[PDB]
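Note that each Cβ is placed from the backbone with ideal geometry, even for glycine, and that neighbours are counted across all protein chains shown. Read the figures in this text as sums done on the coordinates, not as results from a lab.
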Amino acid sequence: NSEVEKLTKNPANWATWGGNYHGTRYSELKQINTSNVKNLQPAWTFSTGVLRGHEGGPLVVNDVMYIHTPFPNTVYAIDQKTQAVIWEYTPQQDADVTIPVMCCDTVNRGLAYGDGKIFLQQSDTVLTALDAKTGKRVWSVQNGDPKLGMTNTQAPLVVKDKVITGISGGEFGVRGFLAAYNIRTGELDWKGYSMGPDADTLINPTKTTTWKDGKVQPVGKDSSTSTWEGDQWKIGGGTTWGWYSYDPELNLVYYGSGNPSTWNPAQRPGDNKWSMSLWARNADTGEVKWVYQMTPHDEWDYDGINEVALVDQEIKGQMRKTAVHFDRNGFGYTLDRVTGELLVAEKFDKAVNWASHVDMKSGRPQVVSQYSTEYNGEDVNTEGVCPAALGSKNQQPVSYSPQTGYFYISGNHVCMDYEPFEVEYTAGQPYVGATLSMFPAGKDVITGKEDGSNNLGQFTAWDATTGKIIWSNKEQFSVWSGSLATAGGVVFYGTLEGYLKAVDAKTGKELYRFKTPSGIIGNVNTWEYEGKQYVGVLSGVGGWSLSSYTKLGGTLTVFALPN
Ligand SMILES: O=C(O)c1cc(C(=O)O)c2c(n1)C(=O)C(=O)c1cc(C(=O)O)[nH]c1-2
Ligand SMILES: [La+3]
Ligand code: NA
């Protein structure tokens, strides 16, 4: 959408979930910098009036602040002059049908803006367009069916004249899709499934490519169903509950697909394509430009849905248009975002042990049999797999600084025992089939050696041109918030104890901290109002001893330098 694109070029706004379409969560604002961020203070606060996890972050457009909540997903438009609500919208949702099928708290990743409207993807899968000035509903469409186990937790994305939204339900046998709705009417324009025949997936057998035998090659016929046994793909997962990015020059939307449904791999032989994959789709038609499967035949629920950040960077002496993705499976991937060529794939937490490496010719991770839950078998405990199913990074999106050339990862440092067992599908019921327990990785993030630690989180700086950790800071709990990098040389993020922290973008040294009321699982965003830069974050623990550090919450804290 060229209007949204124009809005994102004004640093005073934060007009999409990721600040810009490329998803780098980097702000050119530099009023707050390494010299003065120690002088930051809370400026004002706002309770959302709702409890449970507060993911996502504020969306600021032309001085109006828009904030969202977990179920029932009330939306507020806030006037920064009076710090009062301009309008609010609370959808009517059936709690008894929607809550039981939410796998991982009642969270909502946030809003989109476009064509004078705010777009809210509701938990019950109703996608609703609101007038941005009045908050009155313009249109809405039921994007899924919670009676089949479908929910929505992710943020929509405005792209050209469409609103892009996905689906959740990889633990309920939902077949994942990405859908595009007309921005003005809500009519469905295209729908791209993650698996099934080409008319469903919008894969072109001679034009859609993948990485194979060391080169970009057409995907061929029956690329998906030939990797599934029989009809298992009809309930086969690959859901789409992560973040979406967009390259306007290429007109490509990028995203990841989740786990292949049941957590018992022996029950579903085959690569299970295209679960656990990265995708580039034509924004106008949905046609897949390229797809890359990171985790064939998943055995651990390492959902491939984490964001795909788009950056131009030098690799082997040449400027490349890349896509960078820090997967649940603990590998940080760099691809050519035009062709889908695989460039870099290295572990961003050296505790990771389920695979030795990613084979660069075949593109497939080489599974280490001791940590294979299928190898050890049904009803046998696989012990000490790293990472835990919740991954080395979960939903919390990364930031990128062009000043340093580093990505900043809000990381998990958690391993697990995992025991699969055979399960049967019933629509509306869970379709899992594994028993897990988790514990601290207990190994150094950089060397991989046992270290006597018990930290559950890492905050890690990563060079995606070589695939190397630059520095990493231990955090006592997993880091579940989306960071922010700025032209002031600082990186912001939130902790589960509720601290908003600022660190030096180059070195990782801490420069500021403040205890907000509840653990932060949202995104730290920044904007400018009447010439002053503000930094905003939601607090409210949820998603996924911590309970002695934080209780449930739901507040916004806005920080600024004092006057
Ligand atoms: O397979 C799915 O469809 C689906 C959805 C979600 C979701 O919608 O929040 C999560 C997961 N899977 C998942 O595996 C996971 O670890 C997870 C963590 C969280 C969270 O917000 O903290 N959501 C989800
Ligand atoms: La999942
Ligand atoms: Na195909």
Residue separation times 0.36 nm, minus the C-alpha to C-alpha distance between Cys103 and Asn204: what's the value? 33.0 nm
Given 0.36 nm per residue, what is the gain on full extension from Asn454 to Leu250 after removing their alpha carbon distance, in nm? 69.0 nm
Defining a contact as two alpha carbons under 8 Å apart and six or more residues distant in sequence, what relative contact order in percent does region 201-310 show? 30 percent
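Anything over 22 Å Cα to Cα? Flag those among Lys133/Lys501; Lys6/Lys133; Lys136/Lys191; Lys393/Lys449; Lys9/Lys532, in the order listed.
In this structure, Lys133/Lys501; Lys136/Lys191 exceed 22 Å between Cα atoms.
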Of the options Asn353, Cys386, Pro72, report the single residue whose Cα projects farthest towards the positive end of the charge dipole of the chain (beta-carbon charges: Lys, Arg +1; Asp, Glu -1). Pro72
Given axes a ≥ b ≥ c from the Cα gyration tensor, I'd like to know whether region 422-563 is rounded (a/c under 1.5), prolate (a/b larger than b/c) or oblate. oblate
Paramagnetic label zone (point 7 Å from Cα along Cα-to-C-beta, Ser2; backbone N under 14 Å) in region 246-271: 248-251
Neighbour-limited loop hits for GluC sites (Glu not before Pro), region 372-458 (at most 12 other Cβ within 10 Å; DSSP other than H, G, I, E, B): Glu422, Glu424
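Could you tally the net charge around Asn329, taking each other residue with its Cβ under 13 Å from the Cβ of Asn329, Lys/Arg +1 and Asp/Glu -1?
-3
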Using just the helices of the chain, give the 222 nm mean residue ellipticity in deg cm²/dmol: DSSP H runs with n ≥ 4 each add -39,500 (n - 2.57), and the total is spread over all residues, rounded to 500. -500 deg cm²/dmol
Counting only other residues whose beta carbon sits under 11 Å from that of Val174, what net charge do I get with K and R as +1, D and E as -1? 0
Summing +1 per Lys or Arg and -1 per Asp or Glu among the other residues with Cβ less than 15 Å from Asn523's Cβ gives +2
Determine the alpha carbon to alpha carbon distance for each of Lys443/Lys551; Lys30/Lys117; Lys207/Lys273; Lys160/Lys234; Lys212/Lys273; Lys321/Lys506 and list only those over 20 Å. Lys443/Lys551; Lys30/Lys117; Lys160/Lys234; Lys321/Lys506
Please list 311-319, 143-151, 343-351 highest first by mean number of surrounding beta-carbon atoms within 10 Å per residue. 343-351, 143-151, 311-319
Return the long-range amide H neighbours of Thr322 (sequence gap of 5 or more, or a different chain), with a cut-off of under 5 Å between placed amide H atoms. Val311, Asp312, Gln313, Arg337
If packing is taken as the average number of other Cβ atoms within 10 Å across a peptide's residues, how do 214-223, 261-270 rank, most packed first? 261-270, 214-223
Convert each backbone phi in region 47-57 into a coupling constant with the Karplus relation 6.51 cos²θ - 1.76 cosθ + 1.60 (shift: θ = phi - 60°), then list the ³J(HN,Hα) values in order as whole Hz, x for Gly and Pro. 7, 7, x, 9, 10, 6, x, 10, 8, x, x
Provide the per-residue ³J(HN,Hα) series for region 173-185, in order, calculated from phi with Karplus coefficients 6.51, -1.76, 1.60 and θ = phi - 60°, each as a whole number of Hz, with x at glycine and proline positions. x, 8, 7, x, 8, 10, 10, 10, 10, 4, 5, 7, 10
Nearest-0.05 FRET efficiency for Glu510 and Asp115 at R0 = 41 Å, using Cβ-Cβ distance, is 0.45
Would you grab the residues whose amide H sits under 5 Å from the one on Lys347? Only those 5+ places off in sequence or on another chain, please, with H modelled 1.01 Å from N. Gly332
Kindly rank 175-181, 247-253 from highest to lowest mean number of other beta carbons found within 10 Å of each residue. 175-181, 247-253
